[PDB]
Amino acid sequence: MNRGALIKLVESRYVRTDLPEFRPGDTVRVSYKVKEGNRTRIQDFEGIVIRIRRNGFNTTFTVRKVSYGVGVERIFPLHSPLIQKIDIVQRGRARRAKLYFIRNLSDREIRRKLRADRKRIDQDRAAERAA
Amino acid sequence: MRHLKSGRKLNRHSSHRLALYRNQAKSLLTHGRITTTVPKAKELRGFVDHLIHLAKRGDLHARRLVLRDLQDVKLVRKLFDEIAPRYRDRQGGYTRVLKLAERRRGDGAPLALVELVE
Amino acid sequence: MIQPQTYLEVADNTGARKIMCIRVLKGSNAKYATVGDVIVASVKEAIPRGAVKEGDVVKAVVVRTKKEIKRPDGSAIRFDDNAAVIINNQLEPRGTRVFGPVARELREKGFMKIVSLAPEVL
Amino acid sequence: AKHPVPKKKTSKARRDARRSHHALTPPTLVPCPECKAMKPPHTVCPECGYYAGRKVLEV
Amino acid sequence: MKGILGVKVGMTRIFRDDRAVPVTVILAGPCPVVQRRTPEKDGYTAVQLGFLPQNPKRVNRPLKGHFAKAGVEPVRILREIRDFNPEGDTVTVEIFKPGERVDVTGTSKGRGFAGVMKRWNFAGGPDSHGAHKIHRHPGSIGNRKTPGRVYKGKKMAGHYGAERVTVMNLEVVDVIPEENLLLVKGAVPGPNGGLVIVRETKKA
RNA sequence: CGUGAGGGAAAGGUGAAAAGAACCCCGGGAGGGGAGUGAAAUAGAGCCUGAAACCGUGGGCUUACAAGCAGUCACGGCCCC
RNA sequence: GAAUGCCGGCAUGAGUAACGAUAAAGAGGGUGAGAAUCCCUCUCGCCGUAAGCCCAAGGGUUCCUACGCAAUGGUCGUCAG
RNA sequence: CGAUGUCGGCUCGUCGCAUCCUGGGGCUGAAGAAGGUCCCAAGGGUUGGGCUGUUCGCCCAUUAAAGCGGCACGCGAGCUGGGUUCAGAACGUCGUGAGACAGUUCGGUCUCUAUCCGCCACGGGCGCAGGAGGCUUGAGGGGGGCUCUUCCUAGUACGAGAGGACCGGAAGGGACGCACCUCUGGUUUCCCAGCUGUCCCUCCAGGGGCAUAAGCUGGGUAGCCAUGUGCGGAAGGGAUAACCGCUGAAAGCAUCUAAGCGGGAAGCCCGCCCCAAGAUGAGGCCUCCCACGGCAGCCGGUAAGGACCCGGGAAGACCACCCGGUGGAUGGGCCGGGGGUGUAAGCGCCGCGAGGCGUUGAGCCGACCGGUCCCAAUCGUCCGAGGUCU
Ligand SMILES: [Mg+2]
Ligand SMILES: [Mg+2]
Ligand SMILES: [Mg+2]
Ligand SMILES: [Mg+2]
Ligand SMILES: [Mg+2]
Ligand SMILES: [Mg+2]
Ligand SMILES: [Mg+2]
Ligand SMILES: [Mg+2]
Ligand SMILES: [Mg+2]
Ligand SMILES: [Mg+2]
Ligand SMILES: [Mg+2]
Ligand SMILES: [Mg+2]
Ligand SMILES: [Mg+2]
Ligand SMILES: [Mg+2]
Ligand SMILES: [Mg+2]
Ligand SMILES: [Mg+2]
Ligand SMILES: [Mg+2]
Ligand SMILES: [Mg+2]
Ligand SMILES: [Mg+2]
Ligand SMILES: [Mg+2]
Ligand SMILES: [Mg+2]
Ligand SMILES: [Mg+2]
Ligand SMILES: [Mg+2]
Ligand SMILES: [Mg+2]
Ligand SMILES: [Mg+2]
Ligand SMILES: [Mg+2]
Ligand SMILES: [Mg+2]
Ligand SMILES: [Mg+2]
Ligand SMILES: [Mg+2]
Ligand SMILES: [Mg+2]
Ligand SMILES: [Mg+2]
Ligand SMILES: [Mg+2]
Ligand SMILES: [Mg+2]
Ligand SMILES: [Mg+2]
Ligand SMILES: [Mg+2]
Ligand SMILES: [Mg+2]
Ligand SMILES: [Mg+2]
Ligand SMILES: [Mg+2]
Ligand SMILES: [Mg+2]
Ligand SMILES: [Mg+2]
Ligand SMILES: [Mg+2]
Ligand SMILES: [Mg+2]
Ligand SMILES: [Mg+2]
Ligand SMILES: [Mg+2]
Ligand SMILES: [Mg+2]
Ligand SMILES: [Mg+2]
Ligand SMILES: [Mg+2]
Ligand SMILES: [Mg+2]
Ligand SMILES: [Mg+2]
Ligand SMILES: [Mg+2]
Ligand SMILES: [Mg+2]
Ligand SMILES: [Mg+2]
Ligand SMILES: [Mg+2]
Ligand SMILES: [Mg+2]
Ligand SMILES: [Mg+2]
Ligand SMILES: [Mg+2]
Ligand SMILES: [Mg+2]
Ligand SMILES: [Mg+2]
Ligand SMILES: [Mg+2]
Ligand SMILES: [Mg+2]
Ligand SMILES: [Mg+2]
Ligand SMILES: [Mg+2]
Ligand SMILES: [Mg+2]
Ligand SMILES: [Mg+2]
Ligand SMILES: [Mg+2]
Ligand SMILES: [Mg+2]
Ligand SMILES: [Mg+2]
Ligand SMILES: [Mg+2]
Ligand SMILES: [Mg+2]
Ligand SMILES: [Mg+2]
Ligand SMILES: [Mg+2]
Ligand SMILES: [Mg+2]
Ligand SMILES: [Mg+2]
Ligand SMILES: [Mg+2]
Ligand SMILES: [Mg+2]
Ligand SMILES: [Mg+2]
Ligand SMILES: [Mg+2]
Ligand SMILES: [Mg+2]
Ligand SMILES: [Mg+2]
Ligand SMILES: [Mg+2]
Ligand SMILES: [Mg+2]
Ligand SMILES: [Mg+2]
Ligand SMILES: [Mg+2]
Ligand SMILES: [Mg+2]
Ligand SMILES: [Mg+2]
Ligand SMILES: [Mg+2]
Ligand SMILES: [Mg+2]
Ligand SMILES: [Mg+2]
Ligand SMILES: [Mg+2]
Ligand SMILES: [Mg+2]
Ligand SMILES: [Mg+2]
Ligand SMILES: [Mg+2]
Ligand SMILES: [Mg+2]
Ligand SMILES: [Mg+2]
Ligand SMILES: [Mg+2]
Ligand SMILES: [Mg+2]
Ligand SMILES: [Mg+2]
Ligand SMILES: [Mg+2]
Ligand SMILES: [Mg+2]
Ligand SMILES: [Mg+2]
Ligand SMILES: [Mg+2]
Ligand SMILES: [Mg+2]
Ligand SMILES: [Mg+2]
Ligand SMILES: [Mg+2]
Ligand SMILES: [Mg+2]
Ligand SMILES: [Mg+2]
Ligand SMILES: [Mg+2]
Ligand SMILES: [Mg+2]
Ligand SMILES: [Mg+2]
Ligand SMILES: [Mg+2]
Ligand SMILES: [Mg+2]
Ligand SMILES: [Mg+2]
Ligand SMILES: [Mg+2]
Ligand SMILES: [Mg+2]
Ligand SMILES: [Mg+2]
Ligand SMILES: [Mg+2]
Ligand SMILES: [Mg+2]
Ligand SMILES: [Mg+2]
Ligand SMILES: [Mg+2]
Ligand SMILES: [Mg+2]
Ligand SMILES: [Mg+2]
Ligand SMILES: [Mg+2]
Ligand SMILES: [Mg+2]
Ligand SMILES: [Mg+2]
Ligand SMILES: [Mg+2]
Ligand SMILES: [Mg+2]
Ligand SMILES: [Mg+2]
Ligand SMILES: [Mg+2]
Ligand SMILES: [Mg+2]
Ligand SMILES: [Mg+2]
Ligand SMILES: [Mg+2]
Ligand SMILES: [Mg+2]
Ligand SMILES: [Mg+2]
Ligand SMILES: [Mg+2]
Ligand SMILES: [Mg+2]
Ligand SMILES: [Mg+2]
Ligand SMILES: [Mg+2]
Ligand SMILES: [Mg+2]
Ligand SMILES: [Mg+2]
Ligand SMILES: [Mg+2]
Ligand SMILES: [Mg+2]
Ligand SMILES: [Mg+2]
Ligand SMILES: [Mg+2]
Ligand SMILES: [Mg+2]
Ligand SMILES: [Mg+2]
Ligand SMILES: [Mg+2]
Ligand SMILES: [Mg+2]
Ligand SMILES: [Mg+2]
Ligand SMILES: [Mg+2]
Ligand SMILES: [Mg+2]
Ligand SMILES: [Mg+2]
Ligand SMILES: [Mg+2]
Ligand SMILES: [Mg+2]
Ligand SMILES: [Mg+2]
Ligand SMILES: [Mg+2]
Ligand SMILES: [Mg+2]
Ligand SMILES: [Mg+2]
Ligand SMILES: [Mg+2]
Ligand SMILES: [Mg+2]
Ligand SMILES: [Mg+2]
Ligand SMILES: [Mg+2]
Ligand SMILES: [Mg+2]
Ligand SMILES: [Mg+2]
Ligand SMILES: [Mg+2]
Ligand SMILES: [Mg+2]
Ligand SMILES: [Mg+2]
Ligand SMILES: [Mg+2]
Ligand SMILES: [Mg+2]
Ligand SMILES: [Mg+2]
Ligand SMILES: [Mg+2]
Ligand SMILES: [Mg+2]
Ligand SMILES: [Mg+2]
Ligand SMILES: [Mg+2]
Ligand SMILES: [Mg+2]
Ligand SMILES: [Mg+2]
Ligand SMILES: [Mg+2]
Ligand SMILES: [Mg+2]
Ligand SMILES: [Mg+2]
Ligand SMILES: [Mg+2]
Ligand SMILES: [Mg+2]
Ligand SMILES: [Mg+2]
Ligand SMILES: [Mg+2]
Ligand SMILES: [Mg+2]
Ligand SMILES: [Mg+2]
Ligand SMILES: [Mg+2]
Ligand SMILES: [Mg+2]
Ligand SMILES: [Mg+2]
Ligand SMILES: [Mg+2]
Ligand SMILES: [Mg+2]
Ligand SMILES: [Mg+2]
Ligand SMILES: [Mg+2]
Ligand SMILES: [Mg+2]
Ligand SMILES: [Mg+2]
Ligand SMILES: [Mg+2]
Ligand SMILES: [Mg+2]
Ligand SMILES: [Mg+2]
Ligand SMILES: [Mg+2]
Ligand SMILES: [Mg+2]
Ligand SMILES: [Mg+2]
Ligand SMILES: [Mg+2]
Ligand SMILES: [Mg+2]
Ligand SMILES: [Mg+2]
Ligand SMILES: [Mg+2]
Ligand SMILES: [Mg+2]
Ligand SMILES: [Mg+2]
Ligand SMILES: [Mg+2]
Ligand SMILES: [Mg+2]
Ligand SMILES: [Mg+2]
Ligand SMILES: [Mg+2]
Ligand SMILES: [Mg+2]
Ligand SMILES: [Mg+2]
Ligand SMILES: [Mg+2]
Ligand SMILES: [Mg+2]
Ligand SMILES: [Mg+2]
Ligand SMILES: [Mg+2]
Ligand SMILES: [Mg+2]
Ligand SMILES: [Mg+2]
Ligand SMILES: [Mg+2]
Ligand SMILES: [Mg+2]
Ligand SMILES: [Mg+2]
Ligand SMILES: [Mg+2]
Ligand SMILES: [Mg+2]
Ligand SMILES: [Mg+2]
Ligand SMILES: [Mg+2]
Ligand SMILES: [Mg+2]
Ligand SMILES: [Mg+2]
Ligand SMILES: [Mg+2]
Ligand SMILES: [Mg+2]
Ligand SMILES: [Zn+2]
C-alpha cells in the first residue's frame, strides 16, 4: 500500500484552490467566517504574513497586525472552509522564510525592512489584465 | 530511542565524523579500493556515491560542490575525466561493500573492502 | 496561560496599571488561567486617585494572553501582552471603558459588557 | 554512596553456576564453492579470494 | 460484538460543521473468515479473521493446510474477534457506520529501557541546591527494618511501550468503503504501519 | 625504606657420577614429542621428599514443583567389591 | 581453630571496575612468524607567552648505532627512556 | 558503645481509621436552605503562596475538602544539610583563672564499583511422552475507582419575608491516568542561509579548517515530545453495612426475626483495561510430518519444521521480538513527490564604489511518502519425529 497517497486521498475532499498565492512579507486581508450569536458574520483580518508552515493540506499561515495599540497574530489553516477569500493588499520582499523578528521592531523599522516587492507587484498587474 | 533516525555516529563528534567521510572519500577515489571496518564501509557508500553523481552532471557548479568535500583539484579532475564517464549509464550503485573473512588482531574489528564498481 | 506571580496589564480605566495574579479562580487547583477565566490579583501599580489603588486585592477576567488560544475551527489567536479587566463579584466591569482588542471567548463565558466596551473583538 | 561490599564469599557452586552461560559458540562456517575451504558465510574467501563465483582478491 | 483487523495509516484532520476534527486513518478490510470458534468445538464463540495477502512462497505447510481447509488465499495475520459471528465470509469496513463509537487496540510505541521520569512521571530531583547525581532518580524505594523489603509492583525503571493498548469510545468520523478506509476521531496506539484491531465500543 | 639518625628482609638440597639430553620432529621463540643418559627422569635443572588450601580433565551415583547450620536415623533405587 | 594473632601460599568479589585529561583520526605502501599500535607517504585534527627553543637545578648513560622482545610499557609491539 | 547516622525538607510510597471531603444513614431545639450530633463507610481525593531550619503554628488567596496517625518520630549504601553536638571567632552570663552554658551569634570535608534477600525489566535452560507451525480459554494477578459549577425541573414544594429544595434531566470544568503528533508549541550537533576574525586552496571569484565537545546568528523536516489532541473514572448486574421495612410467634397485645421475604452506600463480587497454562493442576482448537535404518535405551541418516549466517526495523543495552534474503524492494544508492532553506554558481546589465537588478522560488537539500534490481542480503551448513505402560 501507499500510506501517503491514502492520506492525500482522504484529504482530497477538503483541498481548496480558489485562494491566491502569497509569501511571508506580503500584506494580506483574510475574510474569515465568524460566529457571535445569534448570527454568523464575516470579519476581515488584515496584516503581514510572518510565517507559512507547509504540510500539504495541513499548511498553515500566520498573519500579524496591530489593533488599537496591541499586536495580534492569527493562525489560519490554509484550506479552512471558514476562509471566504484572501486579498493581496501589498507584496513585501523578505530575505527569510520566518519574519518573527518584526515583533520587536518599530513601525518605522518594519517599513524599512520589508519594502514593496516590485517584481511581484508588477507580476500582479501584468496578470489581472484578463480577456 | 532512535526511532527512524538515519546516520551512524561512529563515536565521533560532528566535525570529526565529517572529516572521516571526506578523508575516506579521497582515499577511495585515489585507490579505487580500500579496506575499513564494516560500519565505516557501509556509511561511505552514500557519501562517495553522491560525489560521483555530481561528477556525472559535470558542470562548473557540480565541480565546486564536490571540491567542498574533496579539496584536491587534481583528484576532482580525475573524478570528472576518468571516474565519472564510466558510470554514464549506471544509475546509482557506484560503490560496493564486501565483507572480509578475518578480523583485525589488536581489537577484533570486522573488516570490509569498499570499491568503485566497474 | 496565567498563573500566580504573572503580571498583567489592566485593559480598563479603573486606575490600575499592573496587577499580579495570586489565584486562578477555576476550581480546586487550576494551574493556569486563559482568556475568559477570572483571577484574583494584587494591584502592583495604579495611577494617582483611581477607583482601585496599589495594595488592593481585586478580581479580574483575562481578556488577552501571549500564549495563543486554540479555537474549534482549527485556527488560533495570540496577543502581544497579558491583559485583564477588573470586575466585581457579578462579573461586571468596575471601569467604564475597555482598551485594546479582546478575545471572542469572553462573550461565550458571560462577559457581555466587557465585549461590547472593547474597540475590537478578535 | 557507602562502598557496597560482598557479604559472603561466593561458593564454588554459585560461582560456577553463574558461568553456566559462558561457553563459546563455535564459528559459523561453510565450504567455499570454488576451493572447498571452510570459511564464514557472506565473506570473501580468504584462501582463494572468490565471492559470488568470481575472483575479488589476491590471496 | 463486531470487529475488524486493520493497519494504522496516518493522522490528519478534516472539517465537519466548521470544526477541525483530528482523525487517525485506518485501512481495515477486507478480512476473510478463516476459522469459526463454536461452543461445541472450542467452548466459546469467536471468528478468526485474516488480513493482508501473503506470498505463498513464504507460507509453510501447516499454515497452508489451515488456509486451504477454509478455501482462503494465504494471508499474513490471523486474529480472533471474541463473540463475533459474521453472516458473510468476509468482514469489511461496512460493519461500521459514521457516528458509531469504537474501541481500538494496537501495540504502543516502544520506549525501550525507560527511566522513572518518562515511564512513571516521577518528579525526579532538584537540578541545583546541592542535588548530587540524583536529578532523574526515583528517591526512596521503601521504609527501614519494617518491612525490610520492597513491595511487588513498585514503580521502577524498565522497558516501557511496545505493549497492547486499547483506546476506548472513539467516534467513527467517516467510512470510505471504496478504499477500505476507516476514519476515527482522535489518537490510536502504535506507529503508522502498525497492526490494529477495531471493535464496537464496550462503553454504554 | 627513611632528608637523616635509623630501620631492615626474603632467598639452602638434581644425581653415585653431568652421564646436564647429540640428532630428528612441531614451533618465531618458549614449550613439547621422539631418541639418548641414569638404579630411578612426575631425579631434567621452574630439579630430593612433595602434605593442605586452591584450579582442572575423565569416570560412578545424583539433580530443573523445590524451603536449606546442610547433618543425622530409616527405607528404597542405581553403581562398585 | 580462633588472639581485627604472625609468616607464607591460595581463593571470593570477576572476566566485574578500570586501562590516567573529550587535541581525533583515515587510507595507501613497507617490514615481519605475527601489525589499529614500528617505518614511509598523503589526508585530517591539536599547541604555538607553547604543548616550540635556550639556560640553571636535580637525574646520572637515559645519548648514537647494531642486534633483540622473556620481563618492564596499563592493550599490542617488529617499537622504546 | 570491635558504631543501630541523629531534627527538618525533597523524592517515593504503603498502611490504620478514632473520617477532613465525596457516598449511605438515624436523631434534631430538622419549615426550606444551611447546620448540629451520632452511626455505616478507607474507593478515590485531600491546593498554591508569606513567615520561620523548623515539625507545628499563624496569616494570604482559594477549595468538595484543605483529616489525624503508623511504617527505626517510614525513607542520608536515595538526595539535601537550613537545625543540632568537634576544632575558629564574638556577645550576654558564670568563673580569680584555665574555661563554662545549650543561651545567643558568623563559619565549618555527607565515602565512584551491590555478593545474597527484596524490587523493576529482559533472556538462557529444561519441563508440559512423537516432532512441529499457528490461533486461543482464563485459574490467578495487577490497573482504575476523585469531584465541582451552571442550567432545566422551578423561582415550584416550604417560608410572613429573606431565602430556597428533594426526585429526575442537560451542559461545562479542575486535578489525575493511558495513548497520540493532525493542529498549537518545543527540540531538531550540520538540513539551508547570513556574519566576524584567522589560516589555507588559487591571484580574482568561489570555497575549506578553526574559533565547543555546532565559532556565532536567523530558521528548520522526521523523530522524540507538552504547553497541544483523543479517550478513561462508568453504565449495568449481584451480594451487603448502618438504617428502613413486610409478614410473624414465643408473649391473646406488641415486635424487621425466633421460620420466611423486601429495600439499602463512592465501599464488597462481577462488569472495563493489561498480564497470565512453570495454572508442574503445565488446559483447548485448526493444520503439518510420519509409523527410517543399525546394535519407556543407545547410534545415525531424514520429514514437517527450526536454528545458524546475512539485509534490516517507530523492536531493542546484549539477548529477545518483528520483517526481508535474488521466486527479492530489506538497507544503500538513484529518481519523483513531500519538507526545509529562501532566489546558488556563472554570465549579462546599472553603479566610482560598497552593492543593486535579471536569469531564478533559483540552488542546495537527513530521516518523511513512494518508485526503481544500479549496489549489497552470494554460496551454504547444522539441528530436528519412528511416538513408554495399564
Ligand atoms: Mg503523511
Ligand atoms: Mg490510493
Ligand atoms: Mg469587526
Ligand atoms: Mg502592522
Ligand atoms: Mg463560506
Ligand atoms: Mg526504543
Ligand atoms: Mg539519547
Ligand atoms: Mg542509526
Ligand atoms: Mg533507516
Ligand atoms: Mg551525518
Ligand atoms: Mg558520536
Ligand atoms: Mg567507541
Ligand atoms: Mg575515536
Ligand atoms: Mg568544531
Ligand atoms: Mg574536528
Ligand atoms: Mg547493525
Ligand atoms: Mg559481504
Ligand atoms: Mg566475520
Ligand atoms: Mg595486533
Ligand atoms: Mg501603599
Ligand atoms: Mg491597551
Ligand atoms: Mg551519594
Ligand atoms: Mg551516601
Ligand atoms: Mg552504592
Ligand atoms: Mg558522591
Ligand atoms: Mg564503592
Ligand atoms: Mg556486606
Ligand atoms: Mg566445579
Ligand atoms: Mg552465581
Ligand atoms: Mg596460499
Ligand atoms: Mg496488535
Ligand atoms: Mg528518571
Ligand atoms: Mg515525564
Ligand atoms: Mg508515562
Ligand atoms: Mg520535581
Ligand atoms: Mg530545590
Ligand atoms: Mg525537575
Ligand atoms: Mg555537595
Ligand atoms: Mg559529593
Ligand atoms: Mg549535577
Ligand atoms: Mg533514588
Ligand atoms: Mg520482613
Ligand atoms: Mg518489549
Ligand atoms: Mg465527514
Ligand atoms: Mg507513527
Ligand atoms: Mg622521613
Ligand atoms: Mg635512601
Ligand atoms: Mg625506624
Ligand atoms: Mg634469611
Ligand atoms: Mg651439585
Ligand atoms: Mg644431590
Ligand atoms: Mg628433547
Ligand atoms: Mg631442533
Ligand atoms: Mg622453527
Ligand atoms: Mg618450522
Ligand atoms: Mg628445545
Ligand atoms: Mg610436542
Ligand atoms: Mg635406559
Ligand atoms: Mg634395584
Ligand atoms: Mg615420584
Ligand atoms: Mg625422585
Ligand atoms: Mg639425598
Ligand atoms: Mg620434586
Ligand atoms: Mg610439583
Ligand atoms: Mg566432573
Ligand atoms: Mg505445586
Ligand atoms: Mg522432579
Ligand atoms: Mg533428611
Ligand atoms: Mg522408617
Ligand atoms: Mg580454642
Ligand atoms: Mg578479618
Ligand atoms: Mg583481616
Ligand atoms: Mg568482620
Ligand atoms: Mg592474621
Ligand atoms: Mg591461625
Ligand atoms: Mg598476618
Ligand atoms: Mg594472608
Ligand atoms: Mg581471584
Ligand atoms: Mg586476591
Ligand atoms: Mg562480559
Ligand atoms: Mg571486555
Ligand atoms: Mg558485579
Ligand atoms: Mg557494569
Ligand atoms: Mg585507576
Ligand atoms: Mg568499562
Ligand atoms: Mg582513570
Ligand atoms: Mg584517555
Ligand atoms: Mg598500514
Ligand atoms: Mg600493509
Ligand atoms: Mg601493531
Ligand atoms: Mg604484532
Ligand atoms: Mg591512539
Ligand atoms: Mg611512521
Ligand atoms: Mg603568537
Ligand atoms: Mg633518579
Ligand atoms: Mg648526543
Ligand atoms: Mg643507550
Ligand atoms: Mg632495531
Ligand atoms: Mg617485551
Ligand atoms: Mg611481547
Ligand atoms: Mg612476547
Ligand atoms: Mg634473551
Ligand atoms: Mg608490561
Ligand atoms: Mg605488553
Ligand atoms: Mg602505566
Ligand atoms: Mg624481529
Ligand atoms: Mg621505553
Ligand atoms: Mg633514543
Ligand atoms: Mg552504641
Ligand atoms: Mg567490625
Ligand atoms: Mg559488628
Ligand atoms: Mg562498623
Ligand atoms: Mg503517611
Ligand atoms: Mg468507623
Ligand atoms: Mg469525614
Ligand atoms: Mg451526607
Ligand atoms: Mg429554619
Ligand atoms: Mg434540610
Ligand atoms: Mg446528619
Ligand atoms: Mg446508629
Ligand atoms: Mg477512603
Ligand atoms: Mg487503601
Ligand atoms: Mg486517606
Ligand atoms: Mg498550606
Ligand atoms: Mg519566599
Ligand atoms: Mg519575598
Ligand atoms: Mg516557605
Ligand atoms: Mg513553617
Ligand atoms: Mg512554632
Ligand atoms: Mg501569635
Ligand atoms: Mg467555596
Ligand atoms: Mg461541601
Ligand atoms: Mg511516623
Ligand atoms: Mg518518639
Ligand atoms: Mg523524640
Ligand atoms: Mg526518622
Ligand atoms: Mg510526619
Ligand atoms: Mg530518615
Ligand atoms: Mg549522606
Ligand atoms: Mg535526613
Ligand atoms: Mg537507609
Ligand atoms: Mg546506609
Ligand atoms: Mg539505602
Ligand atoms: Mg550546618
Ligand atoms: Mg556547605
Ligand atoms: Mg546558622
Ligand atoms: Mg534556630
Ligand atoms: Mg582535633
Ligand atoms: Mg567550632
Ligand atoms: Mg561553634
Ligand atoms: Mg558576638
Ligand atoms: Mg561579658
Ligand atoms: Mg560557670
Ligand atoms: Mg551561665
Ligand atoms: Mg566572678
Ligand atoms: Mg568577671
Ligand atoms: Mg561538660
Ligand atoms: Mg557553647
Ligand atoms: Mg553543649
Ligand atoms: Mg551573639
Ligand atoms: Mg564562607
Ligand atoms: Mg553555626
Ligand atoms: Mg578526609
Ligand atoms: Mg569508600
Ligand atoms: Mg564493578
Ligand atoms: Mg547482585
Ligand atoms: Mg540474604
Ligand atoms: Mg523462558
Ligand atoms: Mg529460551
Ligand atoms: Mg476452552
Ligand atoms: Mg480472574
Ligand atoms: Mg501463582
Ligand atoms: Mg480486580
Ligand atoms: Mg426558576
Ligand atoms: Mg408564600
Ligand atoms: Mg439531580
Ligand atoms: Mg466529568
Ligand atoms: Mg508531523
Ligand atoms: Mg510539531
Ligand atoms: Mg503541526
Ligand atoms: Mg512549530
Ligand atoms: Mg555539509
Ligand atoms: Mg573562513
Ligand atoms: Mg591569501
Ligand atoms: Mg601552495
Ligand atoms: Mg576572495
Ligand atoms: Mg588548521
Ligand atoms: Mg589551532
Ligand atoms: Mg576544538
Ligand atoms: Mg561550520
Ligand atoms: Mg552573531
Ligand atoms: Mg524556533
Ligand atoms: Mg539552530
Ligand atoms: Mg521536526
Ligand atoms: Mg498537558
Ligand atoms: Mg439489592
Ligand atoms: Mg412499624
Ligand atoms: Mg407488624
Ligand atoms: Mg406481654
Ligand atoms: Mg430469620
Ligand atoms: Mg433483599
Ligand atoms: Mg435485605
Ligand atoms: Mg421498603
Ligand atoms: Mg464515581
Ligand atoms: Mg493475552
Ligand atoms: Mg502449556
Ligand atoms: Mg496462553
Ligand atoms: Mg499450584
Ligand atoms: Mg498446550
Ligand atoms: Mg530445511
Ligand atoms: Mg540490530
Ligand atoms: Mg552479542
Ligand atoms: Mg519465536
Ligand atoms: Mg514467528
Ligand atoms: Mg527468516
Ligand atoms: Mg539463501
Ligand atoms: Mg532463488
Ligand atoms: Mg530496497
Ligand atoms: Mg529505495
Ligand atoms: Mg528523495
Ligand atoms: Mg518539493
Ligand atoms: Mg517547498
Ligand atoms: Mg538573484
Ligand atoms: Mg562598471
Ligand atoms: Mg527532492
Ligand atoms: Mg544484485
Ligand atoms: Mg519490479
Ligand atoms: Mg557453501
Ligand atoms: Zn575459496
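As named in the PDB entry, chain E is 50S ribosomal protein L3, taken from Thermus thermophilus HB8. For this entry, the PDB record gives the title as "Crystal structure of the wild-type Thermus thermophilus 70S ribosome in complex with macrolone MCX-128 and protein Y at 2.35A resolution". According to its UniProt record, chain E has this under Sequence similarities: "Belongs to the universal ribosomal protein uL3 family."

Where the PDB entry is consulted, chain B appears under the name 50S ribosomal protein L17, with the organism given as Thermus thermophilus HB8. Listed in UniProt under the heading Sequence similarities, the comment for chain B reads: "Belongs to the bacterial ribosomal protein bL17 family."

Trainee: Mind laying out the protein's contact with RNA strand H, listing which residues take part and the relevant values?
Mentor: Around RNA strand H sit 172 residues, and of these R53(A), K119(A), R17(B), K70(C) and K69(E) come closest. Among the atoms of RNA strand H close to the protein, meaning within 4 Å, 78% are from sugar or phosphate groups. Within the backbone of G56(A), one N or O atom sits 3.0 Å away from a phosphate oxygen of RNA strand H. Within the backbone of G93(B), one N or O atom sits 3.1 Å away from a base oxygen of RNA strand H. For the surface near RNA strand H, the leading source of residues is helix α2 (residues 38-57) of chain B, giving seven residues.

Trainee: Outline the interface of chain D and chain B, supporting the account with residue identities and numerical values.
Mentor: The figure often quoted for interface size is the accessible area lost as the parts come together. With nine residues of chain D at the interface, the matching set in chain B holds nine residues. When chain D packs against chain B, close to 730 Å² is buried across both sides, 64% of that on carbon and sulfur atoms. Together, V44(D), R54(D) and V56(D) form the three largest contributors to the area buried by chain D at its contact with chain B, with a combined 46%. Of the charged contacts in the structure, one is a salt bridge between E118(B) and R54(D), with a shortest N-O distance of 3.9 Å. Here chain D is connected to chain B by two residue pairs in polar contact. Here the side of chain D that touches chain B is composed, by residue class, of six nonpolar, two polar and one charged.

Trainee: Could you give me a rundown of the interface of chain A and chain C, with the residues and numbers involved?
Mentor: Contacts between the two partners involve 21 residues from chain A and, on the opposite side, 19 residues from chain C. Regarding the contact of chain A and chain C, the summed buried area is about 1700 Å², with carbon and sulfur atoms giving 47% of it. In this structure, the connection of chain A to chain C is made through four salt bridges. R64(A) is paired through a salt bridge with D80(C); the nearest N and O atoms lie 2.6 Å apart. Across the contact surface, chain A and chain C share 13 residue pairs in polar contact. Counting only elements with at least two residues in the side of chain A that touches chain C, the list comes to β1 (27-35), β2 (40-53), β3 (60-67) and β4 (70-77) of chain A. For the side of chain A that touches chain C, the element with the highest residue contribution is β4(A), accounting for seven residues. Partitioned by chemical class, the residues of the side of chain A that touches chain C number nine nonpolar, five polar and seven charged. Pairing between β4(A) and strand β6 (residues 76-79) of chain C: four bridges, direction antiparallel. Its bridge partner being in β6(C), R74(A) is matched across the sheet by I77(C).

Trainee: So, the protein's contact with RNA strand G: which residues are in play, and what are the values?
Mentor: The environment of RNA strand G is formed by 25 residues, the closest being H16(B), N23(B), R15(D), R18(D) and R19(D). In the interface set of RNA strand G, defined as its atoms within 4 Å of the protein, sugar plus phosphate atoms amount to 80%. Between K9(D) and RNA strand G, the recorded distance is 2.9 Å, taken from a side-chain N or O atom to a sugar or linking oxygen. Here a phosphate oxygen of RNA strand G and a side-chain polar atom of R15(D) are 2.8 Å apart.

Trainee: Quick rundown of the pattern of salt bridges? Include the residues and the values.
Mentor: For the coordinates displayed, the defined rule picks out 43 salt bridges over all chains. With a closest N to O distance of 3.7 Å, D37(C) and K109(C) form a salt bridge. You can see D37(C) sitting in the loop between β2 (16-24) and β3 (38-46) and its partner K109(C) sitting in helix α1 (residues 105-109), a full 72 residues away along the chain. Assessed through its relative accessible area of 10%, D37(C) is described here as buried. When the shortest N-O distance is used, the salt bridge between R15(D) and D16(D) registers 2.9 Å. Note on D16(D): relative accessible area 40%, which makes it partly exposed. One salt-bridge network, in which partners are shared between bridges, spans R64(A), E73(A), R103(A), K67(C), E68(C), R78(C) and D80(C).

Procedures and definitions
Residues numbered from 1 in each chain as written, not as in the entry; some residues may be left out. Chains lettered and ligands numbered in written order. Part of a larger assembly, values for the part shown. Heavy atoms only, no water. Residues with missing side-chain atoms left out of burial classes, pairs and counts. UniProt positions renumbered as here; feature names shortened; annotations may be inferred. Near = heavy atom within 4 Å. Polar contact = N/O pair within 3.5 Å; in protein donor to acceptor, adjacent residues only side chain to side chain. Helix = DSSP H or I, 4+ residues; strand = E, 2+ residues; numbered from the N terminus. Contact = heavy atoms within 4.5 Å. Buried area = accessible area lost by both parts, 1.4 Å probe. Salt bridge = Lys/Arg side-chain N within 4 Å of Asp/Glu carboxyl O. Nonpolar A, V, L, I, M, F, W, Y, C, P; charged D, E, K, R; others polar. Pairing = 2+ DSSP bridges. Buried < 20%, exposed > 50% of the residue type's maximum accessible area, 1.4 Å probe, protein only.

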